[PDB]
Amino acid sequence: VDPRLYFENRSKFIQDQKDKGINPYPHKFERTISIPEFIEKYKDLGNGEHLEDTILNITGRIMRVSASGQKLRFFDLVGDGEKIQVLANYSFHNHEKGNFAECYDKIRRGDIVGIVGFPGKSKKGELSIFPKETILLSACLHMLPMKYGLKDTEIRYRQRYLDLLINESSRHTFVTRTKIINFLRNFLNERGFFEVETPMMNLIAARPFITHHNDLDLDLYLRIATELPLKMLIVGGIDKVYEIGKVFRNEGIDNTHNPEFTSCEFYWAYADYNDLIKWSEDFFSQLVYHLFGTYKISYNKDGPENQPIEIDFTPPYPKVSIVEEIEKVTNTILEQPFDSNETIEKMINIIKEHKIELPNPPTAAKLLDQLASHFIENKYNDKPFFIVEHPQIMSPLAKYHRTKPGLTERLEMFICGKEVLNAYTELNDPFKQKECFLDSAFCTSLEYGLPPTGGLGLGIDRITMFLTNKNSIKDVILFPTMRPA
């Protein structure tokens, strides 16, 4: 091919057109209808039917060019993810506005054009615009990749625009993401929740990103969660409150982790465990039904080259008590307290015998996390499920379980072995909140009285992955965090 030459020559064309008094980047073309609107309005035409008296102005990007016949030229025109044909017939051209062949020979794949013409269908039944006049609105100076010729993630994740133009499923993925967020926002708002914005950077502060604030001469931390200020709003009497926005984790990158991701966190005064579980079941089932018209979906867990599985979002979903289950499968009691030297040693021994990676550092909470990932988190690939009743030492903001000492009223929901949701009743007794005696501001706010409250957070990117059949978070974030090329 030689793309460099293609580009040099198209740049010369631009200059050339300008020499003839043609602006290949003109100011304004007044369109009368969009491509989706045109398809909706004309899709019932009969084969070969022309509405020669209906004159429309339309725009779009040319994505295919062909001819045979100097006097009959055909293009694909795309707009808003939809497509029509352009049938340029010598006889329908306005010859006073220019030479036909000259007008149409200069069009290349990628060009954005403005068409004045009439609607009809080809004898084959393809919905088409029949131009009297076609003008360039903006040129494509590069050779675009061919359809099915853009697989390189280095280009798709950086030059996302090329991915959107060439890979049809890419636009669908990002459409689905926005419909998920719209669904959630509406779901919450119909339940009386009040959306807010809290600060993206905090004084005191998951390993954080740090940034210097010039006006205050302070080094501040990007938020890792929106939890603290939301709870302060509950204290303030906003009894159902939430935020949907970005949080930042200066950690690793992989198929389920990006350094900024979008969370939805809500707090719900006077709610319990049971309300959070029901919320979760209601929300997931109703979202999937909204998107798909069924509770069951297909997901390629092990990639596009292997057979998919079915994930069923029909509620209710299984609940697995983390400690009881670890103890059962390992036939070992993890005696409380879980951070005793003896119980730590026991967890390390189990980890050592199953050749599970020892975490670093090997703290009781991280040991319990590793045990759960090994023995439980992959238990159910065919339905979402909750891991519940986590130890206090894993869950310092969660209220004590009312009948299982040492545990909490916490739930964490997993889809195919990946965490997408964490929720719990908030520990609201300041004399039991060990992290006070945590941002000193939080501690203080508890002393003014936090009602009994339930809190919940969702990972919007991971949810989108499952509902768009993607195996990497990079495929559901328009511009994922990447080093320069």
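The numbering used is simple: start at 1 and walk along the sequence shown. In this text, the rigid core denotes the largest set of C-alpha atoms whose superposition between the two forms falls within 1.5 Å.
Rigid core superposition in 7 other deposited structures of this protein puts the Cα atoms of one stretch, out of 304 to 312 and 362 to 370, farther from the shown form on average, and that stretch is 362 to 370.
For the pair 182 to 190 and 121 to 129, rigid core superposition yields a higher RMS C-alpha distance in 7 other deposited structures of this protein in 121 to 129. Residue 151, though modelled here, lacks coordinates in at least a third of the other entries of this protein that were compared and that model residues flanking it. In terms of unmodelled positions of the deposited sequence, the chain runs continuously from residue 351 to residue 352 in this entry. The modelled chain is continuous from residue 448 to residue 449, since every residue of the deposited sequence in that stretch has coordinates. As the entry records it, the average C-alpha temperature factor is higher for 101 to 109, out of 101 to 109 and 249 to 257. Per the PDB record, of the two stretches 30 to 38 and 428 to 436, 428 to 436 carries the greater mean B-factor over its C-alpha atoms. By the numbers in the PDB entry, the CA B factor is greatest at 381 among 381, 189, 138, 262. The entry lists C-alpha B-factors for 180, 220, 288, 356, and the highest of these is at 356. Per-chain ranking of the deposited C-alpha B factor places residue 471 in the middle third. The entry lists a Cα temperature factor for residue 387 that places it in the lowest third of the chain's modelled residues. Per the deposited record, the Cα B-factor of residue 48 falls in the middle third when ranked against the other modelled residues of its chain. Ranked against the other modelled residues of its chain, the C-alpha B-factor of residue 282 as given in the entry falls in the lowest third. The PDB entry assigns residue 444 a C-alpha temperature factor belonging to the middle third of its chain's modelled residues.
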